[PDB]
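Heads up: the structure comes next, in structure tokens.
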Amino acid sequence: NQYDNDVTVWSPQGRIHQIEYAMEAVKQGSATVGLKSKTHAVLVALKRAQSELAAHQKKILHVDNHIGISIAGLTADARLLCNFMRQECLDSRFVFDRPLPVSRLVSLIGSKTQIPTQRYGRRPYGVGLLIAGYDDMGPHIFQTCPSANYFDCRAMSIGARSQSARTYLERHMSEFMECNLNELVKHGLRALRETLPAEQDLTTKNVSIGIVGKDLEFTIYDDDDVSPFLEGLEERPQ
Amino acid sequence: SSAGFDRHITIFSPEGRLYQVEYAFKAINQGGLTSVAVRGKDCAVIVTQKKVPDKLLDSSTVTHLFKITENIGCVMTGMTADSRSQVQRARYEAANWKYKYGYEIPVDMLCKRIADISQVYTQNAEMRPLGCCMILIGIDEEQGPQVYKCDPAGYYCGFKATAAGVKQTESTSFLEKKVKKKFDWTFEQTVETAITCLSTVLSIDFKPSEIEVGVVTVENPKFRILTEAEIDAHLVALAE
Amino acid sequence: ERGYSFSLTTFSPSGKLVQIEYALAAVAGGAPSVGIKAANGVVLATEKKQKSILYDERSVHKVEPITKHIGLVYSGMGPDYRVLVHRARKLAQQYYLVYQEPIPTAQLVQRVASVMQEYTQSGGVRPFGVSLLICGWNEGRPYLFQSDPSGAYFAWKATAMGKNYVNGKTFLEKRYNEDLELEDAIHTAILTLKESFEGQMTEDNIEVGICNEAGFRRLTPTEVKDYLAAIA
Amino acid sequence: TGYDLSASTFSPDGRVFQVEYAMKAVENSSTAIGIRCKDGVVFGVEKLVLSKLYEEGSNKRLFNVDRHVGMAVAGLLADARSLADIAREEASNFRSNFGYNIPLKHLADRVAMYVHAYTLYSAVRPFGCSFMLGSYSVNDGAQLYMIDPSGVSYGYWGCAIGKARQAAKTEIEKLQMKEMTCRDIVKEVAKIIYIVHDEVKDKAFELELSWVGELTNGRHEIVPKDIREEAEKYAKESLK
Amino acid sequence: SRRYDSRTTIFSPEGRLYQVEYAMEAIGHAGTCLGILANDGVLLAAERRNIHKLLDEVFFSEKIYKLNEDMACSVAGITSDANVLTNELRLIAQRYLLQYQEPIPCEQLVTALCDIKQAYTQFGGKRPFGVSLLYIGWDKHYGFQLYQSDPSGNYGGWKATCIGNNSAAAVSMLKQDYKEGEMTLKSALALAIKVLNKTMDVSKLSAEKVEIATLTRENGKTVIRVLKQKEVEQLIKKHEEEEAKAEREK
Amino acid sequence: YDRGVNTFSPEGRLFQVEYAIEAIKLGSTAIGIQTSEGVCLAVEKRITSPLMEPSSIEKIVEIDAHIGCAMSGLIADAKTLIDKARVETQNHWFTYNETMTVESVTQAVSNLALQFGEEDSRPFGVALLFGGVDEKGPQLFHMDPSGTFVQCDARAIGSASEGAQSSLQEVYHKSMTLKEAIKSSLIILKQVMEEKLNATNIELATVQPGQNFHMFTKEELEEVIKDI
Amino acid sequence: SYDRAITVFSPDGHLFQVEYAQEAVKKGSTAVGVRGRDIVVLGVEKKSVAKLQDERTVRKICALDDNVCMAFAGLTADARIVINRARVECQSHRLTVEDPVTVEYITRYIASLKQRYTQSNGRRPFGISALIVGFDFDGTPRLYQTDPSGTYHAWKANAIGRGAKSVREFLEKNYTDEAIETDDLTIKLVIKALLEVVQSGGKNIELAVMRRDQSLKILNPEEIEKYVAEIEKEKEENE
Amino acid sequence: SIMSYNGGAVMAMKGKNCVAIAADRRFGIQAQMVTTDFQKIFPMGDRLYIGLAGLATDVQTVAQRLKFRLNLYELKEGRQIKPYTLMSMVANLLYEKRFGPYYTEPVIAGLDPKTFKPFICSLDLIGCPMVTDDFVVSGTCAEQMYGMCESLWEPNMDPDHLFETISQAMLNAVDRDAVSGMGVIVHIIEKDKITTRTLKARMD
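Chains as they are written, first to last, in the deposited numbering: chain l, 4 to 241; chain g, 5 to 244; chain h, 3 to 234; chain m, 5 to 244; chain i, 2 to 251; chain k, 8 to 127, 134 to 241; chain j, 2 to 240; chain p, 2 to 205.
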């Protein structure tokens with residue numbers, strides 16, 4: 004256990020435990036779900052609150068005209084990588100005068116997070132990214148990790164009790180590719196209503212949805228343009 | 005006598021020791037490798053075996069004989085990374101000598117610079133002291149051929165019958181029993197004594213495909229790596 | 003590197019610096035040497051036994067000139083010794099750049115001891131296990147300066163450093179005196195070195211440098227075998 | 005025990021446990037082999053789908069460093085991404101500074117020195133990567149190298165990195181490697197990867213095959229494996 | 002990297018300081034020095050460490066360092082550790098003179114050196130200067146002076162100073178035999194001879210074991226007298242005649 | 008030294024940030040309430056000596072002409088934060104001829120709430142209540158040492174904040190008025206403090222869209238106190 | 002620099018160095034100070050000289066400008082650094098805006114310096130606590146104190162050093178607005194507070210004042226003797 | 002010239018066993034004098050002076066800088082300085098401003114510290130030393146003092162005729178000069194003592 008101190012120390016079983024600890028710290032964020040169609044990439048998160056009176060901590064935040072990211076974990080490192088993200092977008096927007104393809108941006112993010120996991124004197128980033136974007140080959144749903152082993156998927160779900168949501172993604176990943184936005188979004192919250200305990204229901208104010216489409220600029224919605232999305236449901240089979 | 009953190013860093017111990025460097029003098033011994041140098045007359049001979057159990061592994065790129073400059077060769081033991089890094093540093097300081105001073109570097113000055121860099125790594129802590137040993141050979145005018153050895157500690161020396169690696173207490177015992185009869189060394193004598201001393205150490209008496217022979221002579225001062233055919237020629241020439 | 007920059011050498015509850023005392027012990031576990039200041043010259047002499055019969059005595063040289071008139075020997079570890087030799091060389095040549103005159107030995111010992119003192123205090127590096135014996139014939143009067151790893155220095159009429167240096171010192175006090183010549187100093191220096199060395203002592207076991215007023219001189223094994231072939 | 009913490013220290017018997025721990029980190033990673041024919045080098049990586057959540061074509065471990073060079077990594081993936089960026093940068097420097105293609109020997113030596121520099125100090129950890137380097141040039145032929153986590157880089161004809169390090173190269177060495185062009189070697193690598201671990205520990209894997217050589221005219225890319233579909237119709241004939 | 006840090010500056014588990022107290026105890030096992038009350042003139046006393054017979058003594062100063070033209074200093078502790086401070090100190094005085102072309106008024110000199118010492122007390126985390134050292138000198142604003150630096154950086158202007166375990170009893174003799182008004186250098190030399198006669202364990206006080214230097218004002222000059230041996234010898238004979246005078250009470 | 012500055016947990020979050028959230032608790036309490044009429048704000052000075060002059064102790068400081076503040080726990084770290092936030096609002100005015108709004112203020116603060124770093134120093138030990146009036150009316154903002162900044166309707170900080178938040182949730186609703194909220198706040202103040210409530214204990218700070226200047230009440234506070 | 006923090010938080014939310022290094026100030030020389038309506042009075046105790054030596058250099062009360070006055074506790078060296086720094090600072094304020102320096106500005110400087118000195122990378126915080134007395138704005142008498150954390154804190158009277166609880170408890174009876182507010186009685190009753198020290202030798206008293214328009218004046222132990230005599234006279238009159 | 006911005010003339014002259022250095026007293030701006038007691042001859046230890054001429058800024062500056070380095074050396078070593086060492090030091094100090102040059106022509110005159118050997122030398126504004134045995138001159142007027150010294154110098158001279166020779170040379174060569182005059186100071190030194198005489202120069 005005395006080798007279980009710092010980022011630099013390898014294990015005598017090879018598994019550097021700081022990255023495992025950062026993973027488990029990412030697991031204790033809010034739940035979130037990101038999934039794409041052939042033409043529309045929708046990411047759906049869930050908010051929590053500190054108390055009754057306070058507002059909810061926001062998760063789905065804007066990045067650029069075709070990029071919006073979800074998040075889980077710490078918010079300071081989140082806003083730090085958000086600053087870097089916006090910077091890297093606007094830099095190529097300045098130089099090449101084109102929007103960035105998503106994959107090279109996520110390569111830049113992984114290379115950015117490579118250094119603080121590699122030397123001594125920095126920590127890995129508690130971070131929960133779900134990136135949705137549009138290059139010329141359409142929507143992409145990427146996720147990252149504090150180990151920077153970023154993945155491309157067709158539907159991920161990270162955060163608290165996200166595994167049952169992944170079972171839902173398994174049993175409807177055939178269905179996902181074909182449909183339009185409405186039932187896509189209600190599949191998304193038909194994952195999130197299983198991210199919750201069954202003795203309560205998903206209300207308006209706690210949920211947030213971000214859509215980007217191949218002609219649609221990335222737009223965030225909260226309770227007012229989500230009241231149309233919350234109807235069209237039945238109860239859970241109690 | 006482990007006082008303070010003398011098992012960990014470059015500090016002085018009680019009674020006068022420091023363990024990090026005298027742990028590095030057996031950092032050569034994990035190589036499983038053996039090297040012999042000979043200088044008796046106006047030629048100078050290196051010999052060192054390989055150990056390749058694989059058919060999938062090559063044979064050309066496995067050689068430890070490293071042409072530093074056109075007149076200076078060397079051979080390495082110990083672990084490979086430290087050896088090759090030391091090799092690039094040696095080449096770099098040789099080219100720097102040629103640029104600054106206008107003429108070819110002598111093997112003496114170069115080994116002294118390598119030992120100085122070894123001290124520089126030795127001096128600060130938080131720095132790993134490069135567990136490889138370097139033997140250099142070359143011809144100098146008005147002195148003939150030269151043999152030098154470089155320690156990890158930065159203690160270089162230059163001497164005739166030379167051997168470092170795994171088994172060289174025995175090799176130096178053979179060379180004390182051998183370099184005492186006052187015979188001359190007419191270059192077949194040198195090659196024959198080198199191969200036979202490595203043959204008395206390892207007791208294998210093997211093919212010409214295992215040892216690499218590095219030679220340099222005052223007839224052609226260029227460094228020269230021997231070919232399979234002439235190694236076989238010398239081998240069957242000492243086969244009686 | 004990172005530049006961690008802290009020194010490992012801090013004070014004891016006794017007030018001592020145990021790394022420096024260990025470095026002095028590591029010096030004392032080194033090769034013997036003898037240096038004697040006579041009435042006209044100074045004699046340096048070391049004791050160099052090769053580990054095998056394979057080593058050559060033409061490559062490594064203990065006795066070392068710093069200028070053409072300043073000899074310098076040690077008792078310790080050559081890898082540190084060469085470093086501070088080279089430092090002293092560059093330092094003396096900077097002096098000769100500024101003043102266009104040969105640097106005096108006191109000035110050498112000031113500057114070298116300041117550098118060594120700086121290594122005793124600066125960050126993380128070990129001190130240098132070398133005890134110098136610096137000398138030279140500057141302005142008629144010759145000098146003899148011993149230094150140490152602690153950065154300090156002294157001035158001896160005659161001294162010794164290395165194995166059984168106290169025994170050599172006690173022989174020096176009875177045998178050596180204030181006024182002799184360079185030859186008699188060489189004689190008693192070889193006597194006190196041969197008091198403590200091994201039995202097989204030849205023209206290659208020792209290495210002797212003298213300091214005339216004509217300058218520093220490094221003797222050859224030719225004249226050593228002229229002299230040390232049963233000097234008494 | 006106690007010595008194994010820092011990456012600058014030695015052991016009481018003489019090795020660095022940090023580098024050893026980094027070496028056996030790659031042991032649990034996926035199996036990645038590579039073999040050269042007489043006019044090209046063929047890569048191959050046993051890649052595994054986790055359960056159902058991948059896309060068959062993300063995070064490809066077959067990288068592509070230079071116009072004629074690509075990597076075949078195994079171990080930690082993000083560390084491999086960083087290492088490949090270093091190699092891309094180095095080949096870019098050489099192309100800029102000399103105006104032609106980097107030779108594979110010099111490239112691998114620069115990479116090996118970079119790896120060694122990350123093995124020296126205590127400020128950084130050693131890498132958890134083990135990768136392949138393939139080449140083809142008309143004046144050079146086919147060259148295949150191999151880099152451990154420590155930094156020892158030399159040449160092969162065939163190799164394997166992963167669990168079945170021995171278990172693949174047992175029957176790699178019975179392949180008639182010289183007399184075959186790479187178009188046979190494609191289905192050879194296919195049968196090698198398919199033989200090791202069909203269903204025992206896991207449920208499903210997936211094949212990628214990189215492909216450099218004379219048939220590509222010195223280009224390096226993945227095969228259109230779906231063109232000529234050489235695994236499966238030979239895979240089902242390889243279970244008997 | 003962070004399990005190799007020493008304490009290096011930090012306060013105790015109980016409220017006190019570590020390196021400062023250990024620096025004081027490093028001072029305590031050194032040579033003995035003192036200075037006297039003289040209205041005209043001021044003096045220093047010093048004890049020879051390493052009085053072995055095979056030295057050269059050609060430096061004319063083993064503890065004294067004539068630092069300005071009107072100031073020297075004794076010293077006690079680690080030697081070249083102090084030689085660094087002598088170099089820097091002479092440098093600071095000389096750049097003062099470069100800036101003004103008027104000699105240094107010696108208290109801001111002392112504060113400059115004390116700030117050098119204090120800068121390694123708080124941050125910098127290196128081995129602190131375990132050297133206390135005296136000050137003699139003269140000026141335009143107070144005349145003859147005496148000062149006592151400490152590794153803390155605290156400095157005291159005394160009229161009769163203090164070194165450690167060898168000299169705590171010396172300060173006891175200084176208080177029990179305090180003088181005032183008599184600026185006579187020779188009575189002060191007899192006093193200092195008496196003080197080192199008690200405190201040093203050198204039996205009957207051979208002059209090879211001691212060292213005295215003074216600083217008198219001569220007509221525009223403030224010369225620094227590192228006096229020779231014969232007058233010390235007759236001073237010792239004077240003091241032992243005074244011992245005979247003391248045992249006239251038997 | 009017991010897993011310090013730069014280490015996660017086997018189960019959860021960082022050590023020293025959790026220790027900062029613990030270190031907030033010893034501070035003196037404060038209560039802000041957002042009303043659409045304007046933001047009111049209160050604090051307790053915790054004065055010990057009669058020598059301790061009351062009006063020199065600052066808790067509510069003034070960031071801009073329409074932005075208040077409140078602090079907790081430590082003092083001078085909060086003073087440095089106040090200084091830099093003032094500088095950044097003035098820079099925003101300098102390059103924009105307008106008012107840096109309250110959220111942008113708090114983002115400019117929380118961008119280095121966690122930039123604690125000793126290599127390549135310690136995290137700050139103060140929780141802050143921010144009140145201001147943007148173009149969207151009044152705002153009430155609550156931040157923390159960990160940078161996790163949120164909007165609160167009526168936040169209570171520091172010591173005894175559990176019962177403070179509870180009994181504050183008892184009386185609050187959306188359509189409160191100003192003076193009602195003020196007296197309801199000082200009720201909770203004199204329920205959580207230990208001394209008698211008088212002219213020197215607490216201080217009020219009220220900002221209105223029409224009363225942008227003078228976010229303070231001075232000795233009319235005595236009249237406000239005597240009405241309970 | 003040294004990448005190591007001295008100021009890590011506790012498990013329960015404290016600092017192991019700041020509130021801990023206040024104990025060095027607690028183990029120091031005592032010094033009190035009040036502000037009257039026109040004359041300010043302060044002074045240190047515990048001269049503790051060897052009764053044969055000098056004390057004109059061991060002076061613990063100094064000035065930065067002609068209008069402000071100093072004091073400290075703890076160890077003297079950190080106080081020396083802070084004093085020279087603050088002299089440079091107030092004279093550089095004179096280089097700026099041409100007012101005499103307000104006391105609040107210079108105390109903000111001192112406390113801010115000490116704070117950002119505690120915040121930085123591996124630096125031992127100043128174990129002092131100063132007392133900063135001055136009357137600048139129309140001669141309004143003020144005194145501020147510091148803290149090793151760096152929290153300036155305005156008072157009307159003050160007690161630091163050894164046994165300051167006992168001194169403030171003498172001040173408890175000595176808080177009267179009357180106190181009959183002459184300059185001499187204010188000075189002598191501050192002298193009675195400093196003579197409520199744990200030893201009270203009477204001659205170890207070092208007191209100096211300022212009349213809010215003049216400069217610093219050091220007293221003489223014969224007027225202090227008259228003050229001690231009239232204090233004993235009032236103690237006889239109460240009987 | 003810029004050397005003729007403030008006038009100035011320094012003459013040194015080697016006698017038999019003694020050395021005489023003299024300079025002019027005048028200081029002022031281009032056409033306007035100011036004072037008659039400006040210092041250009043500085044004592045550098047015992048039996049060894051230095052003279053500086055040219056721009057008075059560099060005169061006082063380099064005088065202070067050399068005094069700085071000289072006192073540093075004389076405290077690092079208990080002996081006093083030898084004149085060749087002083088010459089090398091001045092050469093280094095001028096050469097450090099190879100492209101930022103002081104506008105001065107230093108003249109060094111001192112005896113031997115051990116014997117009664119005299120020494121004279123002069124430098125350039127960049128540090129080119131020059132040792133002679135008869136005389137070295139500097140300042141604005143050159144050819145005047147060259148002609149006079151090549152007219153009046155003898156090799157083996159008692160201090161009296163040395164004094165009279167250097168006096169007549171300086172007086173006539175200054176009276177012919179325009180921007181440099183207004184009194185002359187003379188330092189005539191030897192092993193035994195130091196004489197400083199002032200001449201009744203033409204104040205025109």
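No residue lacks a Cβ here, since even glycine has one placed at the ideal position from N, Cα and C.
Check: Continuous alpha helix (DSSP H) stretch holding residue 189/g: start and end; Outcome: Neither: residue 189/g is in no alpha helix (DSSP H) and is coded neither H nor E.
Check: Neighbour flag for residue 8/h against chain j, beta carbons, 8 Å; Outcome: yes
Check: Closer than 7 Å at the beta carbon, the chain h residues around residue 15/g; Outcome: 10, 21 and 128
Check: Beta carbon proximity, residue 106/h to chain i, threshold 8 Å; Outcome: no
Check: Selection from 90/k, 60/k and 121/k that minimises the alpha carbon distance to residue 77/l; Outcome: 121/k
Check: Exposed unless 16 or more other CB atoms sit within 10 angstroms - verdict on residue 121/p; Outcome: buried
Check: Sufficient close CB pairs (3 or more, under 8 Å) joining the region 101-115 of chain j to the region 66-77 of chain j; Outcome: yes
Check: Extent of the continuous beta strand (DSSP E) to which residue 165/m belongs; Outcome: 162-165
Check: Residue closest to residue 191/l, alpha-carbon to alpha-carbon, out of 96/l, 236/l and 141/l; Outcome: 236/l
Check: Range of the contiguous beta strand (DSSP E) that encloses residue 159/m; Outcome: 157-159
Check: Residue 129/p burial status per 10 Å Cβ neighbour count (16 or more: buried); Outcome: exposed
Check: Sheet register partners of residue 146/j (DSSP bridge); Outcome: 132/j and 154/j
Check: Proximity winner among 4/l, 145/l, 102/l and 101/l, relative to residue 113/l (alpha-carbon distances); Outcome: 145/l
Check: Start-end ranges of the alpha helix (DSSP H) lying completely within the region 133-163 of chain l, minimum 4 residues; Outcome: none
Check: Bounding residues of the alpha helix (DSSP H) (the contiguous stretch that carries residue 38/h); Outcome: Not the alpha helix (DSSP H): residue 38/h falls in the beta strand (DSSP E), residues 35-39.
Check: 8 Å contact criterion, which residue 152/h and residue 114/h should meet: CB distance rounded; Outcome: Wrong, their Cβ atoms sit about 13 Å apart, outside the cutoff.
Check: Residue 28/j versus residue 75/j: straight-line alpha-carbon distance, rounded; Outcome: 6 Å
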